[PDB]
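Let me begin by presenting the structure, written as C-alpha cells, before commenting on it.
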There are 2 protein chains.
Amino acid sequence: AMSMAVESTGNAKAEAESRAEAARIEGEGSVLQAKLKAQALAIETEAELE
Amino acid sequence: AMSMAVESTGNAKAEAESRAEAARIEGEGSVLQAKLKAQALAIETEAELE
C-alpha cells in the first residue's frame, strides 16, 4: 500500500509540476508581454495621437 | 514518483517557457511597432494635416 502510495503521489505530482512549471513561465511570459505590448499600444496612438 | 515528477515539471515548463520567451519578444516587438507605427500615423496626417 505505501509502495504504490508513493507511486501515486509522485505520478500525480508529475502531471502536476508539469503544468505548474509551464504555468510559472507562461505567466512570467505574459508578464513581459504586458510590459512590452504596453509600449506597443502606448506610442502607436502617440504618433497617431499627433 | 519523484523521477517522473521532475520529468513532468520540466516537460510542462518546456511548453511553458516556449510560449513564455515567445511572449517576451513578441511583446517587445509590439513595443517598438508602437514607437514606430506611431511616427507612421503621426505625420501621415501631418502632411495631410496641411
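Following the order of the C-alpha cells, first chain is A, next is B, and so on, with residues numbered from 1 inside each chain and ligands from 1 in the order they appear.
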
Write out as a ChimeraX atom specification which residues come within 12 Å of residue 28 (chain B) when counting only C-alpha atoms, dropping same-chain ones fewer than 5 positions away. /A:29-41 /B:21-23,33-35

Overlay target chain B, mobile chain A, all C-alpha paired in order, as a tab-separated table (two decimals) with C-alpha atoms, in the first residue's frame:
```
chain	number	residue	atom	x	y	z
A	1	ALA	CA	7.22	9.04	-8.43
A	2	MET	CA	9.76	11.82	-7.86
A	3	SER	CA	11.57	10.76	-11.04
A	4	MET	CA	8.58	11.17	-13.33
A	5	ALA	CA	7.65	14.13	-11.12
A	6	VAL	CA	10.71	16.09	-12.20
A	7	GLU	CA	10.03	14.69	-15.68
A	8	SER	CA	6.55	16.21	-15.74
A	9	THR	CA	7.60	19.53	-14.21
A	10	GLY	CA	10.31	20.03	-16.83
A	11	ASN	CA	8.13	18.64	-19.62
A	12	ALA	CA	5.46	21.26	-18.94
A	13	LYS	CA	7.91	24.08	-18.13
A	14	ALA	CA	9.08	23.22	-21.66
A	15	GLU	CA	5.85	24.10	-23.47
A	16	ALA	CA	5.67	26.90	-20.91
A	17	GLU	CA	8.99	28.74	-21.38
A	18	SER	CA	8.49	28.20	-25.10
A	19	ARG	CA	5.40	30.38	-25.27
A	20	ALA	CA	6.95	32.49	-22.49
A	21	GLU	CA	10.08	33.60	-24.35
A	22	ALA	CA	7.99	33.93	-27.50
A	23	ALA	CA	5.75	36.23	-25.46
A	24	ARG	CA	8.75	38.21	-24.16
A	25	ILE	CA	9.96	39.23	-27.54
A	26	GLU	CA	6.72	39.31	-29.50
A	27	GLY	CA	5.85	41.81	-26.78
A	28	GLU	CA	8.96	43.95	-27.09
A	29	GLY	CA	8.30	43.57	-30.80
A	30	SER	CA	4.91	45.23	-30.50
A	31	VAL	CA	6.60	47.73	-28.17
A	32	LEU	CA	8.76	49.04	-30.94
A	33	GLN	CA	5.97	48.55	-33.50
A	34	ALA	CA	4.15	51.00	-31.25
A	35	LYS	CA	7.01	53.52	-31.17
A	36	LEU	CA	7.18	53.24	-34.96
A	37	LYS	CA	3.62	52.93	-36.31
A	38	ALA	CA	3.29	55.97	-34.10
A	39	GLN	CA	5.59	58.08	-36.29
A	40	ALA	CA	3.80	56.48	-39.23
A	41	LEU	CA	0.35	57.81	-38.35
A	42	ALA	CA	1.82	60.84	-36.55
A	43	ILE	CA	2.94	62.50	-39.79
A	44	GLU	CA	0.80	60.88	-42.49
A	45	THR	CA	-1.85	63.33	-41.31
A	46	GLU	CA	0.82	65.99	-40.66
A	47	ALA	CA	1.32	66.45	-44.35
A	48	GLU	CA	-2.35	65.58	-44.90
A	49	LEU	CA	-2.83	67.95	-41.97
A	50	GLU	CA	-1.52	70.74	-44.18
```
